[PDB]
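Since the structure comes first, as structure tokens, the remarks are kept for the end.
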Amino acid sequence: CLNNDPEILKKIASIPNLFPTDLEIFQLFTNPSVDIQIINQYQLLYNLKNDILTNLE
Amino acid sequence: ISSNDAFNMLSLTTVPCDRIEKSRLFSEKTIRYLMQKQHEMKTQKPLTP
Amino acid sequence: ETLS
Amino acid sequence: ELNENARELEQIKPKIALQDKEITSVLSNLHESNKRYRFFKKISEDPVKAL
Amino acid sequence: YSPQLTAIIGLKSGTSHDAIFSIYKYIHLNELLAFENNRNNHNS
Amino acid sequence: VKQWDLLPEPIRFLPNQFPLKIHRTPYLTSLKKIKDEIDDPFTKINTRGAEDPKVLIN
Amino acid sequence: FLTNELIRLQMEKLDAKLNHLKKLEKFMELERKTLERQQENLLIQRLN
Amino acid sequence: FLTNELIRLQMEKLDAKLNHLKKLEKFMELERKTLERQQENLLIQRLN
Amino acid sequence: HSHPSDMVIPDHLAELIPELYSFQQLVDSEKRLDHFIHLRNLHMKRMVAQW
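What follows is the structure in structure tokens.
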């Protein structure tokens, strides 16, 4: 809406430890003592990370 | 107690106002530190892919 | 195309 | 390397604690001498009312 | 790996971790997901 | 006819109470000010209620 | 005057060091993300 | 006088942590090496 | 028993002695440093857990 900083996806992807990795998601999925609702939130955040990385390219 | 002590120093001391000397502004510790740091600041990769 |  | 850095931090901490003690002492002394300064200034600026 | 595996993943040899991770990536990629039904069935 | 209200007009519509400055003193600074005002030689912290009416209202 | 100079120089050195280290961290983070994405892409291509 | 003493104590305090920054700077070299190794692997797997 | 208000330089000492202003700035800079170091520690731990 503002159109001030074009390199916003790169700056967001450069923030250290702002997203979970692949193997952490994997360990969450294989560990059976977890709730489905937390799985869903981590899945949404992971999809957001992937979409940002795609739009960067 | 502290007001008593301050007024005692002011009024009950028999020293003329001239003979009171000035004290230091810099202890010798800070002078040594400042000289050492002046020396050490007188001695003083673009993201390779 | 076999990859995609 | 994690263990080494933890070691160096634990070695560096005591001097910092000592210097914090000294800093608090100096701050208290500054408060006391500011009290005295305000006293003497009030007396010198209007002596009769101050007394 | 056994010929039933290296057919699915283009890898002759790897740790158990690699095989498990790739099989899970496979069932997620084809939306077979906690029940899963296919090619892994007839191959394995 | 006479007209009057039960309560007085709030406190901010009074012509004397018009904002010139907001006093946003933090909590630690307020504690420091309280310590400085109690630790003064010429402190008025114990005037008493019968010697000053403003102290009584407060 | 020397004291004022030394304080100013100290604050400058501190903020310069912090800026440099933060730039390094951001570079490393973006690089990790890129490597992860590339390896996932290769794995998916092999499977397909 | 007391203010100058305070300033000296505070600068002495800052110097120790400014020195402690260097080891944390070395862990960055560790991470850099590991990233290059992961890149080795990705390259060779793509060629395979 | 030390009180958190000991470290406050009220408002008028700092305009009687301007250097006190700078002193506060030094204090704040130190805070920054500390937080940065803190983050680094956390970060390193995470990387180990990853590796």
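Chains as they are written, first to last, in our numbering: chain A, 3 to 59; chain B, 1209 to 1257; chain C, 49 to 52; chain D, 6 to 56; chain E, 5 to 48; chain F, 5 to 62; chain G, 17 to 64; chain H, 17 to 64; chain I, 83 to 133. The beta carbon of each residue, even a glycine, is placed where N, CA and C say it ideally should be.
Against chain G, the beta carbon of A:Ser35 has no neighbour under 9 Å; the closest one sits roughly 26 Å away. For the segment 27 to 46 of chain E, residues whose beta-carbon sits nearer than 7 Å to a beta-carbon of chain G comprise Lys29, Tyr30 and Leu33. Residue-level contact by beta carbon fails for H:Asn35 and chain B, as no gap is shorter than 8 Å. Nearest to H:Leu59 by C-alpha distance, out of G:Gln55, G:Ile60, G:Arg62 and G:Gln61, is G:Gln55. Along the segment 1231 to 1251 of chain B, the positions whose C-beta sits under 9 Å from a C-beta of chain H are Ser1231, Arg1232, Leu1233, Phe1234, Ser1235, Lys1237, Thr1238, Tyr1241, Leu1242 and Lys1245, read in chain order. The segment 22 to 42 of chain G makes contact with the segment 109 to 126 of chain I: 3 or more CB pairs, one atom from each, lie closer than 8 Å. Residue environment analysis places A:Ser16 among the buried positions, since at least 16 neighbouring C-beta atoms fall within 10 angstroms of its C-beta. Interface annotation for the segment 19 to 32 of chain H against chain I: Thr19, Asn20, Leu22, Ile23, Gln26, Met27, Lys29 and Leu30, criterion Cβ-Cβ distance under 8 Å. Of the other Cβ atoms in all chains shown, 16 or more fall within 10 Å of the Cβ of G:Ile23; this residue is therefore buried. Interface residue (Cβ-Cβ distance to chain B less than 8 Å): H:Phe17 is classified as such. In the structure shown, I:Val90 falls within a coil segment according to DSSP collapsed to helix, strand and coil. Against chain H, a Cβ distance below 7 Å from D:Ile17 picks out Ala32 and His36. Restricting attention to D:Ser49, D:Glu50 and D:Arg41, the CA atom closest to the CA of F:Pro45 is found in D:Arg41. In the structure shown, the three-state DSSP call for B:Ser1211 is helix. Put simply, of A:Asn5, A:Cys3, A:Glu9 and A:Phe31 the residue whose alpha carbon is nearest the alpha carbon of A:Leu55 is A:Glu9.
Using a Cβ-Cβ cut-off of 8 Å, H:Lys49 is close to nothing in chain D; its nearest Cβ partner there is about 12 Å away. The segment 18 to 26 of chain A makes contact with the segment 39 to 50 of chain A: 3 or more CB pairs, one atom from each, lie closer than 8 Å.
In this structure, D:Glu6 sits near H:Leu46, with a CB-CB distance shorter than 8 Å. In the assembly as shown, E:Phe39 is an exposed residue. Its beta-carbon has fewer than 16 other beta-carbons within 10 Å. Interface annotation for the segment 12 to 31 of chain A against chain I: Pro18, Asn19, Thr23, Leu25 and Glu26, criterion Cβ-Cβ distance under 9 Å. Using beta-carbon distances, D:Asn10 counts as an interface residue toward chain H, with a partner under 8 Å. Between B:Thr1222 and H:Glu21 the beta-carbon gap is near 31 Å, outside 8 Å, which marks them as no contact.
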